[PDB]
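For reference, the structure discussed in these notes is given below.
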Amino acid sequence: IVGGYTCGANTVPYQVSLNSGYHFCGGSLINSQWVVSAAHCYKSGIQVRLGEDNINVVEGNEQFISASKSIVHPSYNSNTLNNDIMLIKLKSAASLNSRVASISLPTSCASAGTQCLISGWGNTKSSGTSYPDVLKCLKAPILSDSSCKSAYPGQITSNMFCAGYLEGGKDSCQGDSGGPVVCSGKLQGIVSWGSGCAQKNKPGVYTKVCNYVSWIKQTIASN
Ligand SMILES: Cc1cc(CN)nn1C
Ligand SMILES: [Ca+2]
């Protein structure tokens with residue numbers, strides 16, 4: 001997260017860190033057994049880390065649970081990043097509490113102008129490289145489909161939306177991949193892609209979660 005703020009420990013209780021020896025992606029806890037992330041975060045040997053603030057220090061509220069299976073969306077295209085969504089099942093159910101909590105799926109799509117919260121442990125610099133240990137947060141509005149498409153000619157599908165600031169300065173970045181965009185207590189987005197970070201007229205692009213609620217529910221119901 002570039003140009004954000006320190007969230008505060010366990011203030012984003014649905015935020016998870018995916019770890020394969022190191023943090024490599026974010027994710028969102030959607031029930032006691034399931035995490036939603038980006039398809040471009042797929043790899044083997046995933047441990048889901050819940051209750052994290054400082055990802056380098058065991059602070060006392062963590063739950064570390066290995067993934068038993070991952071399900072990349074059937075229509076994910078890694079070239080275009082269309083359908084950039086994946087489900088991860090935990091080997092054991094997380095113990096839910098005030099600091100480890102699920103986020104609700106949307107019942108309808110969110111509009112341009114809706115204010116959202118984006119979070120993660122990604123790079124905090126737009127030019128150089130610096131990775132925070134503690135969770136960073138950014139309040140950002142959803143941008144219009146027209147402005148999103150104008151920013152990225154030929155690249156925005158019906159399964160994507162832009163959020164952030166056309167002026168630059170505030171954005172998601174490398175390492176925030178797969179993490180949450182939450183608006184009015186609903187998971188509306190997943191950190192998917194962009195062109196650099198916090199650059200003018202290059203806002204973050206996010207997977208449009210409301211398009212996938214049926215797939216998520218049916219997949220969970222049979223797996
Ligand atoms: C994960 C991610 C988000 C963004 C948006 N600036 N770019 N990347 C690489
Ligand atoms: Ca920790």
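Atoms within each ligand, like the ligands themselves, are counted from 1 in listed order. The figures that follow rest on heavy atoms only: side chains count, while hydrogens, waters and symmetry mates do not. Along the sequence shown, residues carry numbers from 1.
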What's the verdict on side chain to side chain contact (heavy atoms under 4.5 Å, CB included) for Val2 and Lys125, showing C-alpha distance, side-chain angles and the deciding distance? CA-CA 6 Å; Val2 181; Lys125 304 293 189 62; 5.8 Å; no

So, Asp133 side chain and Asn54 main chain: donor-acceptor pair closer than 3.5 Å or not?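 No; zero donor-acceptor contacts below 3.5 Å.
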
Looking at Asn123 and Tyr131, would you say the former's side chain and the latter's main chain have a donor-acceptor pair under 3.5 Å?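 Side chain of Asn123 to backbone of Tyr131, a donor-acceptor pair under 3.5 Å: no, none is there.
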
Measure the CG-CD distance between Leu29 and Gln15 for me, rounded to the nearest 0.5 Å.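 One gets 11.0 Å once the value is rounded to the nearest 0.5 Å.
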
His73 and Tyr212 aromatic ring geometry - parallel, tilted or perpendicular at 30°/60° bounds: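 Perpendicular: the ring planes of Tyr212 and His73 meet at over 60°.
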
Is any side-chain heavy atom of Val35 closer than 4.5 Å to one of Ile30?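 Of all side-chain heavy-atom pairs linking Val35 with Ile30, none is under 4.5 Å.
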
Do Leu18 and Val48 come close enough that some side-chain heavy atom pair is under 4.5 Å?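 Yes, their side chains come closer than 4.5 Å.
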
Within the stated cut-off of 3.0 Å, is an N/O/S atom of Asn54 closer than that to the Ca ion (ligand 2)?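 Looking at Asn54, which is the residue asked about, there is an N, O or S atom under 3.0 Å from the Ca ion (ligand 2).
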
Using a cut-off of strictly less than 3.0 Å, determine whether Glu52 has an N/O/S atom near the Ca ion (ligand 2).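 Of the N, O and S atoms in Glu52, at least one lies under 3.0 Å from the Ca ion (ligand 2), which means yes.
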
To 10°, measure the OE2(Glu62)-the Ca ion (ligand 2)-O(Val57) angle for me.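 Output for this angle: 90°, rounded to tens.
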
Near ligand 1, which protein residues have a heavy atom under 4.0 Å away?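 Ligand 1 pocket, heavy atoms under 4.0 Å: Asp171, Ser172, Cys173, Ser177, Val191, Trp193, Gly194, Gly196, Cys197, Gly204.
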
